[PDB]
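1. I need the structure of the sequence given here:
(chains A, B, C, D, E, F, G, H, I and J, ligands or ions: 1)
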Amino acid sequence: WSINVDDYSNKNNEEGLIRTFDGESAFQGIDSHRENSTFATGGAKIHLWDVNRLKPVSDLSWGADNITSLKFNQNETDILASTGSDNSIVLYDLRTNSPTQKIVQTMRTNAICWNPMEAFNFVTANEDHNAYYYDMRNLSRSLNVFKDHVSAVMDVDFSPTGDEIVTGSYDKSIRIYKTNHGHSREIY
Amino acid sequence: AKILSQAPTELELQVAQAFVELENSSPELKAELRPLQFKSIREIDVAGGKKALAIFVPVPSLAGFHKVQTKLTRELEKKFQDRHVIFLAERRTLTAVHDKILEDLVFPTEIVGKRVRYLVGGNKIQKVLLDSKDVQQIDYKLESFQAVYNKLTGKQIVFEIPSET
Amino acid sequence: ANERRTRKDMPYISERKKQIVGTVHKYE
Amino acid sequence: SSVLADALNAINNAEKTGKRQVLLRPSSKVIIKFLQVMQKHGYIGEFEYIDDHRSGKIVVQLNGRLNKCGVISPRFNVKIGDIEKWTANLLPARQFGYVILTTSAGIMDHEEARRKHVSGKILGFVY
Amino acid sequence: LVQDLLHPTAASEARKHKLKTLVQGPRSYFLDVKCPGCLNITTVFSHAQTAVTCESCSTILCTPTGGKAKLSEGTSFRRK
Amino acid sequence: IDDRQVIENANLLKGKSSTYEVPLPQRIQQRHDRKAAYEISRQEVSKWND
Amino acid sequence: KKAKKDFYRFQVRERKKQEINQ
Amino acid sequence: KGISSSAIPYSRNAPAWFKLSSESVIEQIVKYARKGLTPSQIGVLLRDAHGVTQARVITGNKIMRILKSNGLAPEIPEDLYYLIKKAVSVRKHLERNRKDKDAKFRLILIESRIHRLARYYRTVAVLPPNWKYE
Amino acid sequence: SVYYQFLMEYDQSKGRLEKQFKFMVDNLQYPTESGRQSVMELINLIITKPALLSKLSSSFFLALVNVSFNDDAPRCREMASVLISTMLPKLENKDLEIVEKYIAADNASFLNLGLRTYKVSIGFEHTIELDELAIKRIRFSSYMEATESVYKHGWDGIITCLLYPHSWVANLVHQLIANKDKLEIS
RNA sequence: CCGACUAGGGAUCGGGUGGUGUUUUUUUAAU
Ligand SMILES: [Zn+2]
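-> Numbers count the residues shown, from 1 in each chain, chains lettered A, B, ... in the order given. The protein structure is shown below:
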């Protein structure tokens, strides 16, 4: 969809639904590449798309287990990450056009967000009530655990300064965490 | 020798030669191998083209056949390198029939669970879980198990071990 | 703490590792 | 009690207590179709049928969107002309929730039943 | 503390009761023992409920107790 | 064998190493493919490490 | 080893014929 | 009420260490039955000493079907027989000493339990109708 | 078919002729015989369709000797046919060096020399007959099959007739000796 | 404060499994 936006007054228009991509099964997540017309949709299987072609460019699925969430990297923009409902976190690379490495955790990762200032760190937000700060180059250990929630963590996001995260959960509250500590700096 | 009264295919002639050579290497065994007679030797392709020999058994004899499956599969892969060698019987019902087809189609390596995940788009993922017995051999033949069961039944299921992959 | 006082070899698992059941492409 | 009723009771009060997963046992084809139509309308997430050899278990994951399941204990026949009346008398509001029926074409909600023009016996509701 | 219902950990699944697991199954086993009189392998249940004897040379191999049966002081076992 | 080393005339490029192995099953082949992809992708983000 | 002198078809048939014997 | 039963494995195969024959098990079964043990005793002896896990798995069918197809059928099912002999043991205790009101109460309970599954077995007609518990 | 047309009409490369021909002569050790039979058929096609064909025939001849000494030997007959269709179509110096290797190629080398005596200049043929006569005078069971093949290829006949009733007077070797003695009596 | 109802916590009674220390102890039985 396109939106008419009043932010510059340079000009003076056919707003909605410029095209309609179509899959055979349902979709569950989407995130757009930060260049080169590309996006990726997770669902019954994770596909890569571009806005010109009306069909998926490539299917990049580890196994026949579905995908619940998706985030592209913000710098090193060709590194994808995804959460599958087999309690799995999979990294993909788009140079090799392939998955890269996955880990299986105890419970299900609801969301990912990449660190916008460190480019290989990401934070996962999962169903045991805490968040995990992971290094892409070594997924054998989290490099932090953010613990203070009391029900399943639904979504996480980074500050654009990369210094703190926000973390909303299924207990009806959100929590802000300094990235080096591991407990909540604030609850709303 | 092991075919019924129709024309034996060259696969049946080759595996019958394997069995008369195993009867040439007899006397360590003592008449455990005589009535071991086929029905058909079907080939089933996979995604890589690497076919798999389904050996059919009329099942009064599949008990003693898979009693010594593991030795004559190794002799049969020594005779046909790189080709998967599986054994199989022949058929209300049909849920029990496909169950017994899967249980015989997998090696004696003991399915330990049958999941079916119902997605939100309306799809299903049927999954079988294989446990522990020589996992370094089982994970090679996972997708060929999947391919031959899809060829036999039509139902596309997914084989996994409760391990890493 | 009681179980560790008795039994012989109870490994000290880290909190940062206590939530990974496994990992493809093992690390050396 | 019934076998659909205690499954829907578990899936009701577990969500009231605010859990993100129910394990319900045993499991039948009618339970699979009931959870099928309610995830078709978006009340539950995925669910999984663990087959033990006895009767089956379901692990449903459910987010927040359900607020009452139920079964209508006499399975009276409804008509295509009275689907609208029965929804009016047992649903919360006009377009709020779905009455689920056992029909000739299987377990369906009331609006799919009257869409493809088939009546049947009532089974239960969801909103 | 909190546990996923499907995909549970092996460490907790081996701790809970044999009926309370995801799919149930026995924690009993079978082990073969050799009689000290005549060294003849007989296979015996673990929770063996009766005083089994080596049917060649009649020596008591196990004694029934409340749970597992205990083997009789000279016997050698191997779990299979 | 094919390298039995008969008397001295060795002007040809006959049999040696580098033949085709029996190919792995495609699950194991794509596993080793994505492990190689893992190592080169890790080497790509280790430049941001500085 | 445990017991039974009853409960089977052939066993109660033999004890009924034993009553017939005496 | 307590949960204490046996947990049948998910497998339906012979356990692959069971090197015995599927017929020698049946011969041992009919030998123990003809020397006079109830089918639960056959199953527990076969499980404990000649390590068949369960004979519906390892043989073809369950062992009361094996005994009925090999000619060793029971006069009366094992449940009814054991409850009958428990009731008559309590009845002889009551004729011996007649101030045991608690044992009279347990006799009422055991007799009710007799009538329940005797009614079930009668409508199935395992045992003939016009069967009374004397 | 597609790989053959690639080998024909594509202005080749820096070194892809010698490189893929190294792969040609090496891929007969691919451990499925249904795999190396297609390599044998590509050898057949490249000898149906020259100057460096003499060096390619030396490589294919050593490789076809090593494939005649195969494992299953249902394709050793195809290797013998490939050696025949490369030797009969060869050139003068190529077949002379092939005869030098034929006189070169212990007991496995004797079986290889028997196959070479079956394969192949009348002077080189008479030298091979003299070597086969010395072998029939030095007349295990691989040497016996080589002597049966030499007796099917055939003073030297006198020594072979002197050894035929000696060898007659392993039952497939007995049948082969009976066939050789029946041909000698005929 | 009731039920069709979620989790716990400490203590205790009966059974079971595992651990590996002290009281026990030994070629009379097991305990
Ligand atoms: Zn003994």
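2. Whichever residue of chain D sits closest to chain H sits in which helix or strand?
-> For chain D and chain H, the shortest gap (Cβ to the nearest Cβ) falls at residue D:53, measuring 6.1 Å. No exception for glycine: its C-beta is placed from N, CA and C like everyone else's. According to DSSP states H and E, residue D:53 maps onto no helix or strand at all.
3. Tally up the residues packed near it, please.
-> Residue D:53 has 13 neighbours, counted by other Cβ atoms under 10 Å in any protein chain shown.
4. what's the distance between the closest residue to residue F:22 other than its chain neighbours and residue B:150?
-> Excluding its sequence neighbours, the residue lying closest to residue F:22 (Cβ to Cβ, 6 or more residues apart in numbering or on different chains) is residue B:82, at 5.2 Å. Separation of residue B:82 from residue B:150 (Cβ to Cβ, to the nearest Å): 21 Å.
5. and what of residue H:91?
-> 65 Å.
6. ok, residue B:93 - how many residues close by?
-> 9.
7. A helix includes it, no?
-> No. Applying DSSP: H, G, I helix; E, B strand; the rest coil, one finds residue B:93 to be coil, outside a helix.
8. In chain I, which residue sits nearest chain C?
-> Going by Cβ to the nearest Cβ, chain C is nearest to residue I:31 of chain I, at 28.9 Å.
9. typo on my end, it should be chain E
-> For chain E, Cβ to the nearest Cβ, closest residue to chain C: residue E:9, 6.6 Å.
10. residues touching that residue, list them.
-> A:106, C:21, E:3 (Cβ atoms under 8 Å, 6 or more residues apart in numbering or on different chains).
11. Find the nearest non-adjacent residue to the residue of chain D closest to chain H, please.
-> Among residues not flanking residue D:53 along the chain, residue H:10 sits closest, at 6.1 Å (Cβ to Cβ, 6+ apart).
12. Surely the one you found touches residue D:52?
-> Yes. Look at residue H:10 against residue D:52 with Cβ atoms under 8 Å: they come within range, at 6.7 Å.
13. The residue of chain D closest to chain H is in contact with residue H:11, isn't it?
-> No. Residue D:53 is not in contact with residue H:11 according to Cβ under 8 Å; the separation is 9.3 Å.
14. Which strand residues bridge residue D:107?
-> residue D:102 (DSSP bridges).
15. Could you pull up the residues touching residue 56?
-> Using chain A here. Per Cβ under 8 Å, 6+ apart, neighbours of residue A:56: A:23, A:47, A:48, A:49.
16. Switch to chain H, please.
-> Per Cβ under 8 Å, 6+ apart, neighbours of residue H:56: H:62, H:63.
17. Just the element for it, please.
-> Assigned by DSSP H and E, residue H:56 falls in helix H:55-58.
18. Any buried residues in the helix or strand following that helix, and which?
-> Sequence-wise, the next helix or strand downstream of helix H:55-58 (DSSP H and E) is helix H:63-69. Buried residues in helix H:63-69, counted by 16 or more other Cβ atoms under 10 Å in any protein chain shown: H:63, H:64, H:66, H:67.
19. Among the residues you listed, which one sits closest to residue D:122?
-> Proximity of the buried residues of helix H:63-69 to residue D:122 (Cβ to Cβ) peaks at residue H:64, which lies at 43.5 Å.
20. residue contacts, the closest residue in space to that closest one that isn't next to it in sequence?
-> Once flanking residues are discounted, residue H:64 sits nearest to residue H:39: 5.3 Å by Cβ to Cβ, 6+ apart. Neighbouring residues of residue H:39 by Cβ under 8 Å, 6+ apart: H:33, H:63, H:64, H:67, H:74, H:78.
21. From those residues, pick the one nearest residue D:117.
-> Among the contacts of residue H:39, and counting by Cβ to Cβ, the member closest to residue D:117 is residue H:64, at 52.8 Å.
22. Could you pick out the residues of chain D near chain H for me?
-> Residues of chain D found near chain H (Cβ under 8 Å from any Cβ of the partner chain) are D:52, D:53.
23. What about residue G:19, how many residues nearby?
-> 7.
24. Could you do residue I:111 as well?
-> Residue I:111: 18 surrounding residues under other Cβ under 10 Å.
25. Just confirm it is within a helix.
-> Yes. Looking at residue I:111 with three-state DSSP, it is inside a helix.
26. Checking residue A:124 next. Helix, strand or coil?
-> strand.
27. can you pull the contacts of it?
-> Contacts for residue A:124 (Cβ under 8 Å, 6+ apart) come out as A:83, A:89, A:105, A:109, A:111, A:112, A:131, A:132, A:134, A:156.
28. if we look at the sheet, which residues does it bridge to?
-> Here residue A:124, judged by DSSP bridges, has bridge partners residue A:112, residue A:132.
29. From residue B:112, how far off is the residue of chain D positioned farthest from its centre?
-> For chain D, the residue at maximal distance from the C-alpha centroid (Cα atoms, centre = their mean) is residue D:53, at 24.7 Å. Distance, residue D:53 to residue B:112, using Cβ to Cβ: 11 Å.
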